[PDB]
There are 12 protein chains.
Amino acid sequence: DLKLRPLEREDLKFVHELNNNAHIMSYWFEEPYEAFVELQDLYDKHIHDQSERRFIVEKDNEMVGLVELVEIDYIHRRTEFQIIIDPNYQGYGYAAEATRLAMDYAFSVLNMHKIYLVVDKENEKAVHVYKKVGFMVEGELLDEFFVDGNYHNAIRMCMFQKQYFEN
Amino acid sequence: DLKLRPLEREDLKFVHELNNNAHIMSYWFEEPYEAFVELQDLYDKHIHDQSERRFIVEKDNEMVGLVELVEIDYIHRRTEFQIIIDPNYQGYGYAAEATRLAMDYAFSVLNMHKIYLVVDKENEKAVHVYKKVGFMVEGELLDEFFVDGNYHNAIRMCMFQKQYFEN
Amino acid sequence: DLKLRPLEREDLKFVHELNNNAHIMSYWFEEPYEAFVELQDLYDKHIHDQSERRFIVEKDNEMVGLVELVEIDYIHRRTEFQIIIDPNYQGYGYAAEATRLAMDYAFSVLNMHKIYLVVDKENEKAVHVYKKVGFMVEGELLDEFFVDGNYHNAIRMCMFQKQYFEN
Amino acid sequence: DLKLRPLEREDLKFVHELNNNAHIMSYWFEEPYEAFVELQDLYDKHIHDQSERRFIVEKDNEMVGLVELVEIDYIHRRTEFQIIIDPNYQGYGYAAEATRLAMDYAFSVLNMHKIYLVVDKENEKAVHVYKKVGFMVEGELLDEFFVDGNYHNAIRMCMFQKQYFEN
Amino acid sequence: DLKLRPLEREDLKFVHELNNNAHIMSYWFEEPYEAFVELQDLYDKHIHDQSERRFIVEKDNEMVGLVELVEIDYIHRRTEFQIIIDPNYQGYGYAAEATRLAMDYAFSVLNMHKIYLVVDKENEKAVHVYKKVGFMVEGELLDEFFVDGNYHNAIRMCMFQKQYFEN
Amino acid sequence: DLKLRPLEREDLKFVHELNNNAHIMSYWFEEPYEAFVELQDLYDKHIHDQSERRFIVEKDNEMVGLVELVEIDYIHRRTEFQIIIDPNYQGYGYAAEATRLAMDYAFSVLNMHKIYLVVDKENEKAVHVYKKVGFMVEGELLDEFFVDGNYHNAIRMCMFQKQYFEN
Amino acid sequence: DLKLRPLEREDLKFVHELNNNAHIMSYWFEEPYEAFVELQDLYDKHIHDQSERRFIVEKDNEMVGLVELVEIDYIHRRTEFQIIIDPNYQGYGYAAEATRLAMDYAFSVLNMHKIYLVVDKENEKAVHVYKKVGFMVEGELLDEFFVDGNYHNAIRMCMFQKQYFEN
Amino acid sequence: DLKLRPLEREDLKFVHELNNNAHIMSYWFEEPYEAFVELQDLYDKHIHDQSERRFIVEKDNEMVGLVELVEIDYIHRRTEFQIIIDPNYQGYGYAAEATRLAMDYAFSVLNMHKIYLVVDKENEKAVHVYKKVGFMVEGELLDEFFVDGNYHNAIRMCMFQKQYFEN
Amino acid sequence: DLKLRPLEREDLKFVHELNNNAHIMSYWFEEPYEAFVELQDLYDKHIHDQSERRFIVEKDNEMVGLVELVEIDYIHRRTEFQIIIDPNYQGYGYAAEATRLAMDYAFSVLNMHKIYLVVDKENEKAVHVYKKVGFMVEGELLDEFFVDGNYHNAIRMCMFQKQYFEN
Amino acid sequence: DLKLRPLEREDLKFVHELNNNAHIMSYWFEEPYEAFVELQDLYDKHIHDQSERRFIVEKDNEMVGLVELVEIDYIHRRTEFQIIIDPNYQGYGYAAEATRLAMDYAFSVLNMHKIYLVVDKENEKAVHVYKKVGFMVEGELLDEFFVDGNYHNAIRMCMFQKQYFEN
Amino acid sequence: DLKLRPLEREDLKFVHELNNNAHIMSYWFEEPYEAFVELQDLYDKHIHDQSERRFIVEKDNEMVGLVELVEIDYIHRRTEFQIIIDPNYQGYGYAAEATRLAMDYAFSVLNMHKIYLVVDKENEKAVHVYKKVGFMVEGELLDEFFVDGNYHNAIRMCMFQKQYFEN
Amino acid sequence: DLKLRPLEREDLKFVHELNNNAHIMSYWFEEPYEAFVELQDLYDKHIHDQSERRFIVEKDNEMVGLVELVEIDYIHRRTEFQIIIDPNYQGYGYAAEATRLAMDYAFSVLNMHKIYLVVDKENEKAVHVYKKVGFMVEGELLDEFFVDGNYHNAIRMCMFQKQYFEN
């Protein structure tokens, strides 16, 4: 069955391969990086930084994706969620299960009150998967991302602890 | 007439006095601080950090407030705006003029495409001043801030470069 | 009226005097200290450590005591509380008022779920103060502290967020 | 026969595996860690820190678990005890034997006056093991740990030097 | 098909060979270097410097050249472009294709307003390539470079964002 | 008579005032700075950097402006020139005299082959000053600077060693 | 009445004056020192070292001597005791009272099991004062100290916690 | 024949194996250590420290034990002696020969005036071997060591240079 | 054909072998060195130092010598020249060709105005090769070098850029 | 009478004032400097560097000039000599006396074999003073210095130990 | 009466004046120094170095000279002695009295076996002083020091512990 | 034939073996060392220290001994000499030949005026070797070295430059 495990430094190569194929502008603890050694230096720099928690999503000891809890705020008890899945594993529905795992970790382990995520308004699939797992649309950010030649809006969706526990 | 000038280290005391009276949870380059020496250490640490630009708002060589451009993104050309004015100067309408100064700096000097801000949904004054100076409501963030005993929603408002230049 | 303000480095001298007359074995972020320069070095070392919050409790710009929230756990949302009042102010009831200030900060600002404290079972007046302000006895720790020649029991008392909000 | 030996750096991998399968929120000298390199850096940082002693409990040159004496206070002569046994060894009674080993070390080598431990009140089998080896119930901590979705009480149990020497 | 990928540290050897056969006076973040270890030290020093972006241009997992965006100015939104192709690949037109790749990255990802480059006025084939891909002649710099015994003029050529988007 | 002297650290305050009233986006060894302590740290960091030479232009022990030779290239023997005069001294012709001083230093002391400068094409009075002192127009840079709301062209002007020596 | 207080860095001068007149071979955390700046550097180096505790002996806010607990062993619960009194205060019997204060601190605060001291066998006064306050002779060390031209034996005397508490 | 040689870092493993089997509380330049990497760090820290000299005791290039001269005092010309022999080599009488080697080194090379050692009063074998090689009983230290559940006295024995040279 | 290439750190061994057989007093950036690790440390220390440029002289990927441009003065545009050739390659006339290569680099790449060298007045071969390639005698330095038992004079020879370009 | 004394850091200001009025290109341990703080940093960096010795030339506790022994070679026993005298003291003949003092120091204290100096061939005064004190012309360096618009030759003069001692 | 006291850092100025008027080539822990800041840096570097002991010799709280014990060898128990007295005090015999003070310190405190000193064979008055206080001539070192133009012999004189104790 | 070569770091092992079998108290730049890593650290620390020169004396690429020039004084032009030959080579006369090699280096390369050495007066064969190669007896040092139980005299022998050149 699908599993989460803490992200190890030895896994960074895999992570890089991910961020290579999906996009070109990747960040680590909100600092931008392009090359693998950049990613390694940021990892070493933020080794004990508790503002972000990252998990490898595994299927029978096989690395199939990455879950990221970023901008963790332990006073307002909220965190932003980001998920990436290897395109060699699309169709198995792993996105929803990994999102559910991350929801369980954030609400049941981290004792968070709110989870939120931001998707491009073109990616209607992402909006449907996230509505599937229980997210509600919270806002529409105007020209939030300059994507390949022009500005794109984004959908911010959110979900809360007590709503999650009762499902 | 009202003026902006670059924030100097020697001004930090004033800043602290501000953040003392208005709230209790203050940040510097997204790191939290309580005491004055904490603020000084963060200032020294982020001295050349260009992700945030801060200005003292002056009235005839008198310090009346603070303007902050934070989360500056030079690729997506956006920045978040925060303003604080000494309560010994409320009524003179300095909030709107300082916001206009910051708008001019961000759009005409920094060449930003978008400015946005976030206010508590209780502060209906802030919503009206910002609508006055031309901001449009962009979203409503749900239980975004734990404020003195319970969660509060927030209004995210925004404004764009070309809209600004034509007014 | 009685108020809290963030502990500044320039206040450490006052703190030292307190911990000198009241106790002889004092700690700073769980490290022991005796001399003033020890306290200063510990302060500088733990300047941004968010596991402890310290406040000077002031009466009309006069320093009257110290409030400490220590062992702050932002996942289990609990913190231990320690209070010291200058013995030149007994009778004004400043202990209970400062404890109430600290309760408001912990429950309404820090969003804590539980506050707890430990007192010597000899000091029945502290137990009476804390029962007054709403703490409940939670346990009795056996021979927890070696006090002036022999072991003493201690009372662990606690209070919870919603019970505080309903009173 | 079962034995203790000092924890070596080369053993950390084993330790990690333990803390991975048993828990997800693990600490090293009261600092939290998730990944293996985090554990290694914390180990290196607290190499000579005498506030904690850790032992590998071995059965015929085979690593079967971990004993931890933490929060060692050499003035009040007390320490908290934590034990972990690989779940591949339930039934051999290794928990009680390792706990007895740790008692002998703490009382006969460290010259401690008191040992205490904290267990979830759900795990009645740990309470039974510790009552077997001579621990007495000392207190019940209310909502001390947020465990998988809700707060749990905890049992604090303790044992003293002369009572151990007479048994 | 021809592609760009982020320059890795492990690629520096290839880069060196390029800059050795093509030129003898090479720079890295505007600091001069001759030997391989010089290049490595400069790379390590400017690892997170965002004023330059470098890409390996690859043809079917084979390293065929180097693209450099230097003097990146995120306020005036302009960058200088430099291209190198292994002389073992003349005729395949890789210069123009790599330049087009770099244009797409600069205008569509970096949100740049202007790209410019400087060529020796002797190399009319580079001027022809750049005119092909859409660059316009902007100026003639007088005796800008001392080349093999005497001074040479240089052609500064440029291209703008909307003109690129409409072609 | 007007004279040049080496820029001292104790002069930085004056420099700041200049760059504050004249511009808002100022650089030091091509790194941007806003506040005074930023300028001081940059000065200390580039103390022995020989790529830039800065002089205070003085009139009878009175500080009247700043001359900067930047981007000094000792192989191609060229340098860019920047001049600032306190606006309290317009009419005395100090700009041209200071520029002549800088020409003498660059051509007769530094043994430079070429001097160049860049001006906004709006400022026809600077172009007139520089044409007076012997500079020739070399090029027109298109939309090189984003100035107060829109892009401006710039004039690049230059002068050579032997032409200077024969005049 | 006579008092102990923690040794402050600002007191080191006084300490030096002591160690100047009594002997010529003085140590700080078992490292030898002669000059005042040597003493200051050792103090700074061992600032948090808990193997030695030092107290200023005060008479009505007047510095009259020094108490030192050295070679503190928190496992075997023993410490060596050293006392020095300003010769401008001999006759008042301050030696015995300061020794009694130090005994109370070691046995009642530090929870020590044994105190011991070593005196030259010539100093028969020291042997009588220490026998007065309850020390028993424990051993005679042969040629233990080379004193001003020849070797001297030493008397090691000791006293235990339970013996102290019952007097 | 039996030999001494300087202790090398590469020998530390052997040393650890010794201190593992004999006792559980081991020190290096008076700092306590448990694990092998702790021992290595202390060795590196005190590499040039001349207050202790350590020798490997060898029998035909085979490591059979360890000799330690600690607390070396070059002014009073004395040193404490400690010897450990692998229990796989008991019976060959190597203890006395290694002690004789160390005596020769201390008196004939180091020019020491006095050697002393401390043994548990239970180890009557150690007292007889040391009396055999010429040590005289010097004192009996009361409850000097907390050994496995209760306090033990110790015998301090010593021997002098001129007495040694004449035997 | 004979070639120059930038000196790499991996070549230092070869260099050492050279400086071993020819002389005994060798320098690196004017600091003296004897052993190989000394040379490596100097190389690492002066890695980016542009006051000296060194080239390996190669014959068909075979290392046959070393060219050194030292005391490079970019203001007076002069540099001292030193050449060393492996004695296993004497007779092929490589000295003159390597000197010609270095002349071309200094005059045509570095834009130097003057090259000079210093030879022992005994080495009449060196004077003839250098006169062959176009050097003119510039001076005779008296007792400039203490060579193997007595002082030797030296011949300083020089050549200029324009003289070189016209041959 | 005229005196030499070791150059103190507190004298650097005077030195700067010298190097300000005479020339514009000044060096310290062969590194170039312009500003006073540059000179201070070089002084601190080369504080124990014995390759250069500098003396203040004093007339009745009044600072009148500077003597520099540079490029000191302790193997070939030679040093270059440089002298600067305040123009407010020209005519008193202090140049020759300071040169004689420096000659005595170099030959009689430093045990040097040769002193040499280099002067511009225009300064015929310097050649006559140095011939006066006993220097012999050793060489004429061609276009050695680029001086204010064109190249100048230099005269290198020298003098030897035994010649000096016999006068 | 004449006395010794440990050399303080604040005394270095006095020391400098001494070594300036008496000599010109002075050393500190065998490193050479000329200027005052050199002496201060050397002092700070060798602060805890026990190979040298320095004393100010004082007459009624007035600084009259310097005593130095250098090259202290605690194994061979020997030290070299150097003495300096302000020339404003010749006739009072302070040299011999200070030398006797130093003898008492070396033989009675440091437990040295031998003291030795080296004087120029010209100074027969120092040889007479040292013969007076009990030194014996031990050797004549040939051309040991280059003194003001030529080599001088030196007298090495010595004294031993028991001979001192019997006089 | 016998030759000298510069001591490399990779040779230290050999050196250690020498100093182990010949002596037990060995020094490196006058700092004492026992173990191999001590020697390595001392070597690394004094890598560029020019006060000592060390050579491996080799016979046909075979390491046969060590030559050391220590206490090199470049002002008084003297150095102490120390020689060690592997005892597996007695009879070949390598001591005298290596000493002659060292003489040639010191007098003909280093331009030294005097060489001196110190031998135990017991070793008459070293005195005979050194008298053979031209050393003259200069002095007899009394009880200079504590050797294996008692003090020994030493012979100081020397040789001068011109006497060497005439033989």
# chains A, B, ... in the order shown; residues from 1 in each chain; ligands from 1
call {"tool": "closest_atom_pairs", "arguments": {"of": "range 37-153 of chain I", "to": "range 98-113 of chain J", "cutoff": "12 Å", "atoms": "only C-alpha atoms", "output": "JSON lines"}}
result
{"residue": "I:142", "atom": "CA", "partner": "J:113", "partner_atom": "CA", "distance": 11.0}
{"residue": "I:143", "atom": "CA", "partner": "J:113", "partner_atom": "CA", "distance": 8.8}
{"residue": "I:144", "atom": "CA", "partner": "J:113", "partner_atom": "CA", "distance": 9.8}
{"residue": "I:145", "atom": "CA", "partner": "J:113", "partner_atom": "CA", "distance": 10.7}
{"residue": "I:146", "atom": "CA", "partner": "J:113", "partner_atom": "CA", "distance": 10.2}
{"residue": "I:150", "atom": "CA", "partner": "J:113", "partner_atom": "CA", "distance": 11.9}
{"residue": "I:151", "atom": "CA", "partner": "J:113", "partner_atom": "CA", "distance": 10.0}
call {"tool": "select_by_dssp", "arguments": {"residues": "range 66-144 of chain H", "states": "strand (DSSP E or B)", "output": "mmCIF file with C-alpha atoms, in the first residue's frame"}}
result
data_model
loop_
_atom_site.group_PDB
_atom_site.id
_atom_site.type_symbol
_atom_site.label_atom_id
_atom_site.label_comp_id
_atom_site.auth_asym_id
_atom_site.auth_seq_id
_atom_site.Cartn_x
_atom_site.Cartn_y
_atom_site.Cartn_z
ATOM 1 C CA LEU H 66 47.969 0.701 28.412
ATOM 2 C CA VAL H 67 50.063 2.905 30.718
ATOM 3 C CA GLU H 68 48.859 6.420 31.603
ATOM 4 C CA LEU H 69 50.751 9.230 33.321
ATOM 5 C CA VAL H 70 48.075 11.791 34.197
ATOM 6 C CA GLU H 71 47.899 15.004 36.229
ATOM 7 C CA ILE H 72 51.538 15.632 35.309
ATOM 8 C CA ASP H 73 52.809 18.624 37.305
ATOM 9 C CA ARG H 78 54.756 14.577 40.276
ATOM 10 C CA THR H 79 52.370 12.497 38.188
ATOM 11 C CA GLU H 80 49.571 10.027 38.837
ATOM 12 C CA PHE H 81 49.920 6.555 37.353
ATOM 13 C CA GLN H 82 47.197 4.327 35.916
ATOM 14 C CA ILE H 83 47.646 0.926 34.289
ATOM 15 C CA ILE H 84 45.215 -1.320 32.411
ATOM 16 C CA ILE H 85 46.020 -4.774 31.048
ATOM 17 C CA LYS H 114 57.204 11.522 42.870
ATOM 18 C CA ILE H 115 54.844 8.935 41.393
ATOM 19 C CA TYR H 116 51.520 8.136 43.038
ATOM 20 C CA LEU H 117 48.508 5.965 42.309
ATOM 21 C CA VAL H 118 45.049 5.352 43.752
ATOM 22 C CA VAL H 119 43.384 1.930 43.973
ATOM 23 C CA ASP H 120 40.098 0.698 45.394
ATOM 24 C CA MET H 136 54.543 2.831 50.000
ATOM 25 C CA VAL H 137 51.040 3.438 51.318
ATOM 26 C CA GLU H 138 50.494 7.193 51.590
ATOM 27 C CA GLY H 139 46.852 7.600 52.577
ATOM 28 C CA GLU H 140 43.343 6.188 52.759
ATOM 29 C CA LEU H 141 40.680 8.317 51.069
ATOM 30 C CA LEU H 142 37.249 7.950 52.664
ATOM 31 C CA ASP H 143 34.231 7.136 50.465
ATOM 32 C CA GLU H 144 36.228 8.401 47.510
#
call {"tool": "closest_residue", "arguments": {"among": "D:43, D:14, D:76, D:49", "to": "residue 152 in chain C", "atoms": "only C-alpha atoms"}}
result
D:76
call {"tool": "atom_distance", "arguments": {"atom1": "CA of residue 50 in chain L", "atom2": "CA of residue 63 in chain L"}}
result
23.5 Å
call {"tool": "closest_residue", "arguments": {"among": "D:129, D:75, D:42, D:4", "to": "chain C", "atoms": "only C-alpha atoms"}}
result
D:75
call {"tool": "residues_around", "arguments": {"residues": "residue 32 in chain I", "least_positions_apart": "6", "cutoff": "9 Å", "atoms": "only C-alpha atoms", "output": "ChimeraX atom specification"}}
result
/I:25-26,38-39 /L:48,50
call {"tool": "interface_residues", "arguments": {"of": "chain K", "to": "chain J", "cutoff": "8 Å", "atoms": "only C-alpha atoms", "output": "PyMOL selection string"}}
result
chain K and resi 33-38+146-150
